[PDB]
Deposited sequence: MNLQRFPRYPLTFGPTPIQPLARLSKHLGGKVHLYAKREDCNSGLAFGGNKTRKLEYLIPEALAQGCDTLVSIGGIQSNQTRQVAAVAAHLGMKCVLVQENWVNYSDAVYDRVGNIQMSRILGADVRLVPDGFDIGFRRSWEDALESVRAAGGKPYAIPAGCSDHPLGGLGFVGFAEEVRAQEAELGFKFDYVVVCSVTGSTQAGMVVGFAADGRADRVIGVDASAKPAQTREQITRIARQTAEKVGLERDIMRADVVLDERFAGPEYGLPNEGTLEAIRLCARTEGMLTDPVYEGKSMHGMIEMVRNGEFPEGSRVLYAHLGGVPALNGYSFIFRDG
């Protein structure tokens, strides 16, 4: 394949670091070596995260097209909209965000802390409810909007970012002098796992990318990942077809609903935070973290396996679930 064909606008510090989770690894039995690739610490633009790696491939088209306003959408505690708001300010562009009530949750400060709060400070026009109305709104005002779908996923360039991710991992394995056996990643809108599948199919490891569902609608998410992997594979000239076998999506850790954690989620967030000083959230990472932990605990990983946990970000959202953590 050839990813180099597509321009990348630098929004990050550079390749994200990989750290050993020795204490957690040891706590679970010392039979599986866990690591963490810090996608959550990739930028100075409002904490960044996985959506920021993605945006590096969309920005060029935005500029090439001469757009002056970035428009995106997501739930109230959306990490994506927050990142787009930061990226926007950094580039000198206006920003319109559609924030929808995607979660059956009602916290008193849910629409005033964490991610949404930062977006308002960052100067974005935050519209709480729509998509087309926002876009049209921009034209009618005399500006040219660049449409960024949820999580940047269902977009032509939306999976390029994480194809690069697999690239980076190969380069880093070279340095470490060893290859990771699996990769755990959280999936919801899909292009994160999609890009990984494509990139890792390149070396025969697409099926080693273990996606954990956090949408609680595994069928849709699975299909979207598959569809985007297929479009992205073509885009980058993957010398192969993405098969259903190439898309692994665990469905055991998404409950009870999207945006709502279960007792295991909370326990996972605590264990990880208490053994490594590494925080995860109640919506996404706490769920992928829970999945990985549970997998090791079940013996689902071959002894001696090196698993690379991809921490995609999302911590600011912790502020929207304050009461659940009042005593830790």
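Unmodelled ranges, which are counted on the deposited sequence from position 1 and given in order: Going by the record, the one segment left unmodelled (no C-alpha atoms) falls at 130-139.
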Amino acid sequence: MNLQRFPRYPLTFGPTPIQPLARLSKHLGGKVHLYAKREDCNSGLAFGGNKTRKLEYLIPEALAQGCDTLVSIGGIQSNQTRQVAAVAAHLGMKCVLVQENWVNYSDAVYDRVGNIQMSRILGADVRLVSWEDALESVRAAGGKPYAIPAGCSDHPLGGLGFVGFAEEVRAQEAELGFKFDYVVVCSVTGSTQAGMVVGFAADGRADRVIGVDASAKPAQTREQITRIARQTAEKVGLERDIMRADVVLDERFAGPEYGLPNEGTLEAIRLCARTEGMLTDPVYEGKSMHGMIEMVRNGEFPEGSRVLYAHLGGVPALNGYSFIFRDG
From here on, numbers count along this sequence of modelled residues.
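So, looking at the entry's B-factor column for Cα atoms, which has the higher mean, 271-279 or 29-37? Here the higher of the two C-alpha B-factor means belongs to 29-37.
Taking the recorded C-alpha temperature factors, which stretch has the higher mean, 238-246 or 150-158? Mean B over CA atoms: larger for 238-246.
Most elevated Cα B-factor in the entry, residues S288, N50, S43, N298: Highest C-alpha B-factor among the listed options: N298.
Say you rank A108, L176, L122, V113 by Cα B-factor from the PDB entry; which sits at the top? Largest recorded C-alpha B-factor: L176.
Within this chain, which third does the Cα B-factor at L266 fall in: lowest, middle or highest? Bottom third by C-alpha B-factor.
Third of the chain, ranked by Cα B-factor, where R82 sits: Lowest third, going by the recorded CA B-factors of the chain.
Rank-wise, by C-alpha B-factor, drop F13 into the lowest, middle or highest third of its chain. CA B-factor rank for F13: middle third.
Would you mind checking where the Cα B-factor of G304 ranks among the modelled residues of its chain, as the lowest, middle or highest third? Highest third, going by the recorded CA B-factors of the chain.
Relative C-alpha B-factor of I59, binned into the chain's lowest, middle or highest third: For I59, whose C-alpha B-factor we compare with every modelled residue in the chain, the answer is the middle third.
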